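Contents: one structure, followed by commentary.
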Amino acid sequence: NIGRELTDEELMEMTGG
Amino acid sequence: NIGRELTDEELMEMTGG
Amino acid sequence: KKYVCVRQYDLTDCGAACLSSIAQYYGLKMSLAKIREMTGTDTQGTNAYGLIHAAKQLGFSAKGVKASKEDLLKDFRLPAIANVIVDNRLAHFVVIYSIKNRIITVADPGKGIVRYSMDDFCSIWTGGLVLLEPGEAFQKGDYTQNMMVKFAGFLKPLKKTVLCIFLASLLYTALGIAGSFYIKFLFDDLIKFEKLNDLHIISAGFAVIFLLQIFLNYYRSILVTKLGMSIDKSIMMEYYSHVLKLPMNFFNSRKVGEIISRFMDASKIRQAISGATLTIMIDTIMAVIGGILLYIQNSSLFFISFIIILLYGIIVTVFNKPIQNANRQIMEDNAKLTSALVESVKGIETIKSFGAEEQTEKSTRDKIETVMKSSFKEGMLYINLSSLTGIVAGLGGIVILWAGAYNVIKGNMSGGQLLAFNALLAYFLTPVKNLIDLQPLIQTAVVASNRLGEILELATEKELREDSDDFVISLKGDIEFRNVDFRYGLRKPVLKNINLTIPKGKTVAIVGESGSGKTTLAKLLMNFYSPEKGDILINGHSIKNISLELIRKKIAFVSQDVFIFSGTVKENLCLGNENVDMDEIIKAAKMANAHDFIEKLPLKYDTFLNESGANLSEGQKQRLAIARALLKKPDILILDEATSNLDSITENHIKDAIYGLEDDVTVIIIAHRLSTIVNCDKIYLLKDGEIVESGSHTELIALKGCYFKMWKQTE
Amino acid sequence: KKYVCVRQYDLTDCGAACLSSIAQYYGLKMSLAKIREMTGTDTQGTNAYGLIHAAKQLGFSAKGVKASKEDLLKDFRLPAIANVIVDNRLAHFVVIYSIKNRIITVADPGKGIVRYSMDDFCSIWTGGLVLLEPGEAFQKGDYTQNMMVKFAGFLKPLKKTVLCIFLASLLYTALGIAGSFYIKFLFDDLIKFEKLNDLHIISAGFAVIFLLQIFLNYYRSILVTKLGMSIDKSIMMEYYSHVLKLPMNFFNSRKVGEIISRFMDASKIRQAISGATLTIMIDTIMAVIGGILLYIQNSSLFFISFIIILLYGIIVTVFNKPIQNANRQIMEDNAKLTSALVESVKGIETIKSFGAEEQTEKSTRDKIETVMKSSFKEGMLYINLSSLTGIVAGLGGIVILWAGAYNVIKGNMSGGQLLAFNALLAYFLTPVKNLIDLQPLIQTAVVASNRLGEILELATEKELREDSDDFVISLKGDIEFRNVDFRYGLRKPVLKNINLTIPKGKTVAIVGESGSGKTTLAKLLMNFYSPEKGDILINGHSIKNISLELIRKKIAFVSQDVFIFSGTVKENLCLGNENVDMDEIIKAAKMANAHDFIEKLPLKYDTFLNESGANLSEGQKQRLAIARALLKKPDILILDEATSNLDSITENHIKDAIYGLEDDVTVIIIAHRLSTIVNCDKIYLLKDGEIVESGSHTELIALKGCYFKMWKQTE
Ligand SMILES: Nc1ncnc2c1ncn2[C@@H]1O[C@H](COP(=O)(O)OP(=O)(O)OP(=O)(O)O)[C@@H](O)[C@H]1O
Ligand SMILES: Nc1ncnc2c1ncn2[C@@H]1O[C@H](COP(=O)(O)OP(=O)(O)OP(=O)(O)O)[C@@H](O)[C@H]1O
Ligand SMILES: [Mg+2]
Ligand SMILES: [Mg+2]
């Protein structure tokens with residue numbers, strides 16, 4: 001690990017393009 | 001004059017493009 | 001006289017082209033934009049009543065008649081306009097010039113002038129011959145001018161660059177001519193006498209000349225590309241500025257595609273002004289010098305080159321037109337295929353549900369075959385032209401060489417002189433070939449100069465009104481209408497004597513049904529369009545006397561379809577206004593409840609809007625227009641259909657905001673489907689056209705009219 | 001080791017490119033289409049959760065982290081995926097490979113691989129390093145294939161044409177070589193000895209050779225253009241057919257623009273297969289022949305030409321990349337300007353209302369200046385390349401001529417032989433120059449073959465599902481949803497576990513709210529999308545065992561945005577099922593009341609529509625939809641919202657017709673409007689994505705709950 005893990009919703013809010 | 005004259009609505013129905 | 005047909009710049013207009021062609025035949029030339037404005041052309045197409053009304057306006061005594069199949073009567077005047085059907089797909093106005101027993105002269109505005117058989121014309125021509133005569137008020141006057149002498153004006157401030165380019169071209173020509181005698185000097189003196197120690201010196205000297213030609217070429221290329229960019233930018237920018245200044249009729253009549261299309265043809269005009277004017281001068285001078293040198297060196301070998309040039313010019317001129325006639329059909333066939341493909345892939349739901357997989361495949365295969373055939377026809381034309389040019393060029397070269405050898409045999413010319421002649425031919429054939437093939441460029445530039453030079457000649461929005469406002473500095477007052485009449489182009493009138501009166505500081509609501517003109521009242525109230533009959537009064541003052549900028553600065557107007565442009569929330573929300581404090585935006589967004597997403601966005605107010613509300617929704621995009629409107633400090637607010645809010649608390653909070661106004665302002669609310677109609681100072685119901693039910697709260701229902709029945713139908 | 005970076009084909013697929021780059025670095029290659037399908041990209045853009053799910057699927061032990069500003073730790077593995085912000089406009093997934101004290105190796109999928117400074121990078125990336133490791137289930141293997149050997153298969157049936165073109169090119173080369181010694185024969189024998197009566201004969205002989213070269217050129221051009229068209233058509237048709245065969249996931253994931261754009265790159269593939277394969281063979285052979293002839297003629301003059309070729313190749317190879325790097329930026333700056341112009345001219349209402357005529361003018365001027373600067377950079381690159389090539393060519397020519405003269409001086413070569421060498425250089429420099437400049441064509445063809453050839457490798461809808469006809473001959477059956485779960489992509493599940501049953505009910509009505517997913521239920525019923533868990537049963541039989549054609553033809557559907565093809569009403573109305581008698585269409589129109597607007601049309605049923613029936617209003621468009629639906633005479637009808645116009649008599653007639661069927665066919669009606677479902681038998685209220693209440697309206701009103709309040713709110 002590096003930092004703090006993330007939940008599914010925190011991944012959801014992150015998008016690309 | 002050649003034939004029968006037309007009214008304004010008969011001109012309405014006739015369009016171009 | 002002579003038959004004249006004028007082409008159509010846009011696919012939408014056909015009656016304007018026919019009317020302009022007839023006027024030109026009678027001896028009156030006008031810009032096609034003015035003809036379109038007179039006829040009131042719509043994006044769908046031209047209406048024949050528009051043509052009859054424009055003919056009446058121009059002084060032509062005209063009448064439209066539905067003629068029978070027979071076209072053999074003698075007692076009626078020509079030319080006249082009739083409609084045809086393009087292979088039973090759509091209509092197309094065309095003008096007929098002269099009739100014969102089996103030949104009908106049909107000047108198709110789309111494609112030149114054609115001759116039709118009687119039966120085919122009778123099949124294609126449904127009816128509606130528009131007979132035209134001069135009415136003795138028709139005055140042979142033409143307002144047409146030369147656009148190129150106007151666009152070339154942009155070359156005047158840049159005379160230094162043009163002159164420097166011309167001088168560089170002249171020096172380039174001189175060096176190229178001087179360096180072409182290397183082979184003559186080599187095969188006449190340096191080899192015959194085997195004069196060594198001079199070959200190295202002459203080779204170095206001719207090397208220095210070529211390392212100086214490249215510098216001139218480089219400098220000339222830099223200057224010419226800079227000049228081209230500089231003039232193209234100015235043309236484009238002037239056109240864009242004037243379009244931004246044009247009134248709303250221009251934007252309703254034309255589509256977005258045409259306006260953006262008049263933006264890519266500035267390059268064609270630049271090619272004529274920048275490229276095709278410098279090339280004429282430099283190539284003419286260089287061709288003259290080369291021809292004189294060739295003639296002095298030997299006349300007999302010059303005549304052969306002259307004959308070759310004549311043959312090449314004849315071939316190119318003959319093959320010019322079939323190439324365009326074949327290139328247009330390819331464009332049409334690609335435009336059909338692309339539309340078919342987009343239509344098919346757009347509706348995959350229906351295609352897959354109905355099982356039409358094979359039908360669309362067959363249709364697209366057939367369209368692909370058609371476009372392939374047209375491309376093959378163009379390919380055959382190109383191959384024929386290239387083969388003819390190749391034969392002429394090769395036979396000319398062989399004949400020149402053989403005649404040079406024959407001259408050398410008779411002791412008339414030296415072999416080195418023959419090689420010098422062959423080298424020099426490159427400075428006489430190339431310039432003349434350039435001018436020979438320059439004609440299509442000039443023609444297309446002239447065509448494109450009349451598509452942008454006619455838009456620039458329309459009357460800009462601001463000028464057609466007298467402004468005087470020293471006496472009054474405010475918009476506060478009463479709204480009055482005096483038999484105000486409005487008509488979208490040339491159709492059935494919508495606004496008709498809408499007698500109205502709006503006292504200052506009154507809650508006004510206009511309810512109606514789809515089709516009835518209700519936003520049109522606001523559009524005239526904002527001076528977008530002009531009523532032909534009647535007028536409106538604010539504070540007992542005519543709106544026409546009011547200045548243009550003030551009438552659109554003190555009136556805020558929300559739109560049914562709100563427009564959100566690419567940028568940040570701050571600049572979008574402070575559109576038009578500048579030099580504002582950050583607290584005004586805060587309170588404006590507090591009135592409209594924008595903060596509900598302001599904290600949601602990653603940035604407070606500098607968040608970028610992607611393309612146009614791509615990450616936003618309709619119910620959110622709706623909540624930005626009100627903020628901007630209230631930000632503009634509106635002395636007159638015109639709140640349009642604010643549908644899809646989907647939030648009761650937002651509605652009752654925003655409604656309260658309007659009631660709680662620090663500054664007295666005439667609010668005008670456009671509502672539909674009887675939404676948010678509880679209590680107002682004035683309520684007007686536009687059932688259809690004419691205003692009928694104008695009653696206040698607990699006064700309209702009493703009428704026992706449609707409002708009543710609808711009001712007790714809702715609840 | 002190798003720092004691999006995959007270039008994205010489309011602007012939307014960034015995460016797929018990054019994941020493919022990482023997998024390639026660890027040694028596993030997949031088609032980018034399959035990676036994109038696994039990660040589930042939406043048209044808006046990729047998702048990080050999709051990337052983590054795809055990494056888990058491929059066997060990567062993976063985790064996403066919100067890293068802080070500090071990134072100097074050693075104890076975490078690379079490469080890893082992080083998002084950046086493109087100059088604070090939009091997000092962009094990129095992969096980092098190695099970190100240094102001030103250098104960060106950032107492999108941008110959009111443009112190559114770059115190095116970033118610590119401060120700029122930490123300013124550019126927001127958060128969320130995606131760490132990946134091989135999870136011991138990761139098996140290396142290269143799945144990619146050379147699609148070019150697959151597209152070249154189309155050249156196999158056309159071997160005769162290719163061979164004939166090759167033979168014609170060989171004969172063309174032979175004649176061109178033979179005819180190049182005319183100047184040698186002229187200046188070595190015919191002029192020195194003044195042998196008259198032989199000059200005419202030799203001139204005629206060399207004229208005959210040139211009138212035979214043009215015939216071969218003409219024939220070769222005809223054959224090559226025919227071959228190119230024939231192969232291009234086949235490529236285009238295969239791609240279009242397979243796209244029409246692809247499932248609906250492919251159409252939801254991709255936009256219309258991309259699918260149509262994969263249709264114009266068939267020409268690039270054809271250029272490589274048809275042009276760039278024949279040219280390689282013919283130019284290699286002709287260059288070898290010319291080089292051997294030049295070497296035999298004189299080695300010293302051959303070495304200079306070889307050096308010139310080497311210099312030209314070096315210059316072209318050096319200048320290749322910066323030209324592409326400058327052409328891409330020009331496309332970007334034009335794509336910005338065009339969007340700005342279209343957005344400005346589209347929203348003229350708001351611009352004129354707010355008085356922003358100067359702001360938009362200034363913005364467009366700035367964007368025009370930017371595009372002019374980029375074009376000037378490309379122009380400078382072209383001028384530099386052209387100047388260098390011109391210097392090399394001119395100096396090579398002068399040096400060859402001087403060395404030829406030097407050889408002639410010492411009695412090593414004859415002057416006519418020197419002229420023959422100069423003529424022959426045109427048959428050696430040109431073939432090699434063609435191969436030198438052929439590399440960009442091959443590279444872009446390879447790029448375009450990876451973007452059309454990956455689509456062809458997707459599994460179409462028909463192949464998956466298994467079926468047996470013996471089970472249920474018919475289609476109409478009681479519908480039972482058992483634990484159906486579905487989500488459009490990798491997002492919030494639209495449908496949770498639900499249970500439905502339709503026991504041959506006369507009417508079924510599904511009502512809900514926007515975003516509930518009521519239409520998605522029917523869309524899943526028709527087998528457009530497959531359920532993740534659970535299934536649907538007809539006659540106690542799974543849809544997954546029923547043939548696609550029967551389940552697709554026996555279910556009638558109506559879309560919300562009804563689609564109308566560009567054709568006549570007759571062919572539009574019965575698409576998919578041809579060979580239909582006039583009585584069926586006439587009775588379908590009678591049931592749908594289509595006749596009412598038919599009499600007004602100039603033609604009863606053969607009227608050709610405009611583009612997508614623009615002139616026709618939506619009110620009759622829905623009527624066309626119901627007519628098309630009922631024409632099939634199906635087993636199950638799915639009737640969507642047919643609100644149309646306030647002409648309630650038409651809906652009353654439609655309902656009367658449906659009730660007059662009195663058949664065993666089932667009807668499922670999707671309507672948000674509450675009144676129209678008052679007379680329904682079974683009503684399912686889908687709220688929040690779950691079915692809540694089931695039964696008839698009367699008992700639903702007495703059930704209190706939530707239906708009661710809306711029912712007594714509407715009326
Ligand atoms: N370019 C145009 N845009 C809109 N309406 C136009 C146009 N040209 C003519 N019309 C006519 O003007 C009327 C539009 O009325 P208006 O827009 O004021 O009403 P509305 O009820 O607010 O509109 P909507 O139809 O969007 O509900 C219609 O009769 C329409 O046919
Ligand atoms: N590609 C997609 N197609 C449809 N819905 C999608 C898609 N991607 C995400 N969604 C979401 O899935 C949900 C499905 O909505 P759907 O359109 O099926 O609603 P509905 O209840 O049938 O009615 P309505 O037509 O009024 O939206 C919505 O929340 C929608 O935003
Ligand atoms: Mg409206
Ligand atoms: Mg829906």
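The way I read the labels, and the way they are meant: chains A, B, ... in the order of the structure tokens, residue 1 as the first residue of every chain, and ligand 1 as the first ligand shown, with later ones counted on from there.
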
Which residues of chain C have any atom within 10 Å of an atom in ligand 3 when counting only C-alpha atoms and all ligand atoms, and what is the closest pair of atoms for each, with the distance in Å to one decimal? Order the rows by chain and rising number and write it as a tab-separated table.
```
residue	atom	partner	partner_atom_place_in_ligand_line	distance
C:512	CA	ligand 3	1 (Mg)	9.5
C:513	CA	ligand 3	1 (Mg)	9.0
C:514	CA	ligand 3	1 (Mg)	6.9
C:515	CA	ligand 3	1 (Mg)	8.0
C:516	CA	ligand 3	1 (Mg)	8.5
C:517	CA	ligand 3	1 (Mg)	7.8
C:518	CA	ligand 3	1 (Mg)	6.8
C:519	CA	ligand 3	1 (Mg)	5.8
C:520	CA	ligand 3	1 (Mg)	8.6
C:559	CA	ligand 3	1 (Mg)	8.9
C:560	CA	ligand 3	1 (Mg)	6.5
C:561	CA	ligand 3	1 (Mg)	9.3
C:640	CA	ligand 3	1 (Mg)	8.1
C:641	CA	ligand 3	1 (Mg)	7.2
C:670	CA	ligand 3	1 (Mg)	8.3
C:671	CA	ligand 3	1 (Mg)	8.9
C:672	CA	ligand 3	1 (Mg)	8.4
```

Write the residues you've just listed into a file as a CSV table (one decimal), in the first residue's frame, and include N, CA, C and O atoms for each of them.
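Result went into part_26.csv, see below:
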```csv
chain,number,residue,atom,x,y,z
C,512,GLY,N,-51.4,30.7,-22.4
C,512,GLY,CA,-51.9,30.4,-23.7
C,512,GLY,C,-51.7,29.0,-24.0
C,512,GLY,O,-51.3,28.2,-23.2
C,513,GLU,N,-51.9,28.6,-25.3
C,513,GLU,CA,-51.6,27.3,-25.8
C,513,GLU,C,-50.5,27.3,-26.9
C,513,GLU,O,-50.2,28.4,-27.5
C,514,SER,N,-49.9,26.2,-27.1
C,514,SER,CA,-48.8,26.1,-28.1
C,514,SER,C,-49.4,26.5,-29.5
C,514,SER,O,-50.4,26.0,-29.9
C,515,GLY,N,-48.6,27.4,-30.2
C,515,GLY,CA,-49.0,27.9,-31.4
C,515,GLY,C,-49.4,29.3,-31.3
C,515,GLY,O,-49.1,30.1,-32.2
C,516,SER,N,-50.1,29.7,-30.3
C,516,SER,CA,-50.4,31.1,-30.1
C,516,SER,C,-49.2,31.9,-29.8
C,516,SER,O,-48.3,31.5,-29.0
C,517,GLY,N,-49.1,33.1,-30.4
C,517,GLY,CA,-48.0,34.0,-30.2
C,517,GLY,C,-47.9,34.7,-28.9
C,517,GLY,O,-48.7,35.6,-28.6
C,518,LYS,N,-47.1,34.2,-28.0
C,518,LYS,CA,-46.9,34.8,-26.6
C,518,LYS,C,-45.5,35.3,-26.3
C,518,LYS,O,-45.4,36.3,-25.7
C,519,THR,N,-44.5,34.5,-26.8
C,519,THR,CA,-43.1,35.0,-26.7
C,519,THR,C,-42.8,36.1,-27.7
C,519,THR,O,-41.9,36.9,-27.5
C,520,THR,N,-43.6,36.2,-28.8
C,520,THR,CA,-43.5,37.2,-29.7
C,520,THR,C,-43.8,38.6,-29.1
C,520,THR,O,-43.1,39.6,-29.5
C,559,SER,N,-34.8,32.8,-21.8
C,559,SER,CA,-35.2,32.1,-23.0
C,559,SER,C,-35.8,30.7,-22.6
C,559,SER,O,-35.5,30.2,-21.6
C,560,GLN,N,-36.7,30.2,-23.5
C,560,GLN,CA,-37.2,28.9,-23.3
C,560,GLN,C,-36.1,27.9,-23.4
C,560,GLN,O,-36.1,26.9,-22.5
C,561,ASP,N,-35.2,28.0,-24.3
C,561,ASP,CA,-34.1,27.1,-24.4
C,561,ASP,C,-32.9,28.0,-24.0
C,561,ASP,O,-32.4,28.8,-24.7
C,640,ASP,N,-39.4,33.9,-19.0
C,640,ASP,CA,-40.0,33.0,-20.0
C,640,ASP,C,-40.3,31.7,-19.3
C,640,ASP,O,-40.2,31.5,-18.1
C,641,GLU,N,-40.7,30.7,-20.1
C,641,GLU,CA,-41.1,29.4,-19.6
C,641,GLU,C,-39.9,28.8,-18.8
C,641,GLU,O,-38.8,28.5,-19.4
C,670,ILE,N,-44.1,34.5,-18.7
C,670,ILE,CA,-44.7,33.6,-19.8
C,670,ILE,C,-44.9,32.3,-19.1
C,670,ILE,O,-44.0,31.6,-18.7
C,671,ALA,N,-46.2,31.8,-19.1
C,671,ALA,CA,-46.5,30.5,-18.5
C,671,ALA,C,-47.4,29.7,-19.5
C,671,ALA,O,-48.1,30.2,-20.3
C,672,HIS,N,-47.3,28.4,-19.3
C,672,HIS,CA,-48.0,27.4,-20.2
C,672,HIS,C,-48.4,26.2,-19.3
C,672,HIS,O,-47.9,25.9,-18.3
```

Could the residues of chain C that have an atom at most 6 Å from chain D be listed as CSV, each with its closest atom pair and the distance in Å to one decimal, counting only C-alpha atoms and ordered by chain and ascending residue number?
```
residue,atom,partner,partner_atom,distance
C:89,CA,D:608,CA,5.6
C:194,CA,D:409,CA,5.8
C:353,CA,D:552,CA,5.9
C:354,CA,D:576,CA,5.7
C:355,CA,D:576,CA,5.3
C:356,CA,D:576,CA,4.2
C:409,CA,D:194,CA,5.8
C:552,CA,D:353,CA,5.8
C:576,CA,D:356,CA,4.6
C:608,CA,D:89,CA,5.9
```

Query - Nearest-residue call for chain A, choices D:64, D:619, D:40, D:416, using only C-alpha atoms - result: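 Closest residue, counting only C-alpha atoms: D:64.
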
**Report entry** alpha helix (DSSP H) positions in stretch 475-557 of chain C, given as a count of residues only
**Finding:** 11

Query - Between atom CA of residue D:91 and atom CA of residue D:138 - distance in Å to one decimal - result: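 Computing it gives 29.7 Å between the two atoms.
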
Report task. Report as a count of residues only the set of chain D residues whose atoms approach chain B to within 12 Å, with distances computed over only C-alpha atoms. Result -> 4

Since chain A and chain B share a sequence, can you fit the second onto the first over all C-alpha atoms in order and output it as a short mmCIF file (atom, residue, chain, number, x, y, z; two decimals) with C-alpha atoms, in the first residue's frame?
```cif
data_model
loop_
_atom_site.label_atom_id
_atom_site.label_comp_id
_atom_site.auth_asym_id
_atom_site.auth_seq_id
_atom_site.Cartn_x
_atom_site.Cartn_y
_atom_site.Cartn_z
CA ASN B 1 0.08 0.23 -0.30
CA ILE B 2 1.02 3.92 -0.33
CA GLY B 3 -1.76 5.96 1.28
CA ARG B 4 -5.37 5.38 2.30
CA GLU B 5 -7.45 2.96 0.24
CA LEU B 6 -10.62 4.12 -1.51
CA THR B 7 -14.25 3.01 -1.57
CA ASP B 8 -16.46 2.34 -4.58
CA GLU B 9 -18.19 5.73 -4.45
CA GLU B 10 -14.84 7.52 -4.32
CA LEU B 11 -14.07 5.65 -7.54
CA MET B 12 -17.47 6.81 -8.84
CA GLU B 13 -16.60 10.48 -8.34
CA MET B 14 -13.30 10.03 -10.22
CA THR B 15 -13.75 9.94 -14.00
CA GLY B 16 -11.64 10.49 -17.08
CA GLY B 17 -12.28 11.62 -20.64
#
```

Report task. Please provide the set of residues having any atom within 10 Å of residue D:536, restricted to only C-alpha atoms, with same-chain residues fewer than 2 positions apart removed, written as a list in words. Result -> residues 479, 480, 481, 482, 483, 484, 499, 500, 501, 524, 525, 527, 531, 534, 538, 540, 541, 542, 543 and 544 of chain D

Written selection (N, CA and C atoms) as a PDB file, in the first residue's frame:
```pdb
ATOM      1  N   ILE D 479     -45.521 -13.851 -19.392  1.00  0.00           N
ATOM      2  CA  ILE D 479     -44.184 -13.336 -19.129  1.00  0.00           C
ATOM      3  C   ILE D 479     -43.912 -13.374 -17.631  1.00  0.00           C
ATOM      4  N   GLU D 480     -42.749 -13.907 -17.248  1.00  0.00           N
ATOM      5  CA  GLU D 480     -42.365 -13.973 -15.835  1.00  0.00           C
ATOM      6  C   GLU D 480     -40.928 -13.485 -15.674  1.00  0.00           C
ATOM      7  N   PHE D 481     -40.754 -12.372 -14.967  1.00  0.00           N
ATOM      8  CA  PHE D 481     -39.424 -11.916 -14.588  1.00  0.00           C
ATOM      9  C   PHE D 481     -39.035 -12.548 -13.258  1.00  0.00           C
ATOM     10  N   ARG D 482     -37.896 -13.239 -13.226  1.00  0.00           N
ATOM     11  CA  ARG D 482     -37.415 -13.884 -12.006  1.00  0.00           C
ATOM     12  C   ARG D 482     -36.033 -13.330 -11.672  1.00  0.00           C
ATOM     13  N   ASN D 483     -35.979 -12.470 -10.650  1.00  0.00           N
ATOM     14  CA  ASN D 483     -34.729 -11.943 -10.098  1.00  0.00           C
ATOM     15  C   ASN D 483     -33.866 -11.266 -11.163  1.00  0.00           C
ATOM     16  N   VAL D 484     -34.487 -10.445 -12.006  1.00  0.00           N
ATOM     17  CA  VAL D 484     -33.770  -9.783 -13.093  1.00  0.00           C
ATOM     18  C   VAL D 484     -32.978  -8.612 -12.519  1.00  0.00           C
ATOM     19  N   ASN D 499     -39.760  -9.028  -9.350  1.00  0.00           N
ATOM     20  CA  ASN D 499     -40.530 -10.199  -9.755  1.00  0.00           C
ATOM     21  C   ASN D 499     -41.808  -9.730 -10.431  1.00  0.00           C
ATOM     22  N   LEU D 500     -42.024 -10.167 -11.669  1.00  0.00           N
ATOM     23  CA  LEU D 500     -43.191  -9.790 -12.450  1.00  0.00           C
ATOM     24  C   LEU D 500     -43.848 -11.030 -13.040  1.00  0.00           C
ATOM     25  N   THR D 501     -45.131 -10.898 -13.366  1.00  0.00           N
ATOM     26  CA  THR D 501     -45.871 -11.968 -14.029  1.00  0.00           C
ATOM     27  C   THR D 501     -47.003 -11.346 -14.834  1.00  0.00           C
ATOM     28  N   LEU D 524     -35.197  -4.767 -22.065  1.00  0.00           N
ATOM     29  CA  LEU D 524     -34.627  -6.042 -21.647  1.00  0.00           C
ATOM     30  C   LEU D 524     -35.518  -7.205 -22.066  1.00  0.00           C
ATOM     31  N   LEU D 525     -36.835  -6.982 -22.128  1.00  0.00           N
ATOM     32  CA  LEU D 525     -37.746  -8.049 -22.533  1.00  0.00           C
ATOM     33  C   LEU D 525     -37.527  -8.455 -23.984  1.00  0.00           C
ATOM     34  N   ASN D 527     -34.809  -8.614 -25.576  1.00  0.00           N
ATOM     35  CA  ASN D 527     -33.476  -9.195 -25.694  1.00  0.00           C
ATOM     36  C   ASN D 527     -32.479  -8.237 -26.331  1.00  0.00           C
ATOM     37  N   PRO D 531     -29.808  -9.797 -19.001  1.00  0.00           N
ATOM     38  CA  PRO D 531     -29.788  -9.635 -17.546  1.00  0.00           C
ATOM     39  C   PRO D 531     -28.575 -10.314 -16.930  1.00  0.00           C
ATOM     40  N   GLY D 534     -30.718 -13.738 -12.754  1.00  0.00           N
ATOM     41  CA  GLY D 534     -32.109 -14.039 -13.026  1.00  0.00           C
ATOM     42  C   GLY D 534     -32.369 -14.198 -14.508  1.00  0.00           C
ATOM     43  N   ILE D 538     -41.092 -17.414 -20.694  1.00  0.00           N
ATOM     44  CA  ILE D 538     -42.314 -17.450 -21.489  1.00  0.00           C
ATOM     45  C   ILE D 538     -42.690 -18.917 -21.671  1.00  0.00           C
ATOM     46  N   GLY D 540     -42.921 -20.932 -19.442  1.00  0.00           N
ATOM     47  CA  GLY D 540     -41.936 -21.651 -18.653  1.00  0.00           C
ATOM     48  C   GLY D 540     -40.686 -21.978 -19.439  1.00  0.00           C
ATOM     49  N   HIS D 541     -40.265 -21.074 -20.322  1.00  0.00           N
ATOM     50  CA  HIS D 541     -39.086 -21.288 -21.148  1.00  0.00           C
ATOM     51  C   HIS D 541     -38.273 -20.005 -21.195  1.00  0.00           C
ATOM     52  N   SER D 542     -36.955 -20.148 -21.111  1.00  0.00           N
ATOM     53  CA  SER D 542     -36.072 -18.991 -21.062  1.00  0.00           C
ATOM     54  C   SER D 542     -35.970 -18.325 -22.426  1.00  0.00           C
ATOM     55  N   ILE D 543     -35.824 -16.996 -22.420  1.00  0.00           N
ATOM     56  CA  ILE D 543     -35.602 -16.273 -23.666  1.00  0.00           C
ATOM     57  C   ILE D 543     -34.267 -16.663 -24.278  1.00  0.00           C
ATOM     58  N   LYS D 544     -33.310 -17.084 -23.449  1.00  0.00           N
ATOM     59  CA  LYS D 544     -31.983 -17.423 -23.941  1.00  0.00           C
ATOM     60  C   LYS D 544     -31.979 -18.694 -24.779  1.00  0.00           C
TER      61      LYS D 544
END
```

Query raised in the report: C:493, C:134, C:291, C:153: which is nearest ligand 1, counting only C-alpha atoms and all ligand atoms?
Result: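 Smallest distance to ligand 1 is found for C:493.
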
**Report entry** One-decimal distance in Å that lies between atom CA of residue C:252 and atom CA of residue C:30
**Finding:**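 Spanning atom CA of residue C:30 to atom CA of residue C:252 is a straight-line distance of 21.8 Å.
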
Query - Spatial neighbours of stretch 12-22 of chain C, 7 Å, only C-alpha atoms, chain gap at least 6 places, as a VMD selection string - result: (chain B and resid 16 to 17) or (chain C and resid 4 to 6 32 35 to 36 41 43 to 46 51 81 92 to 95 109)
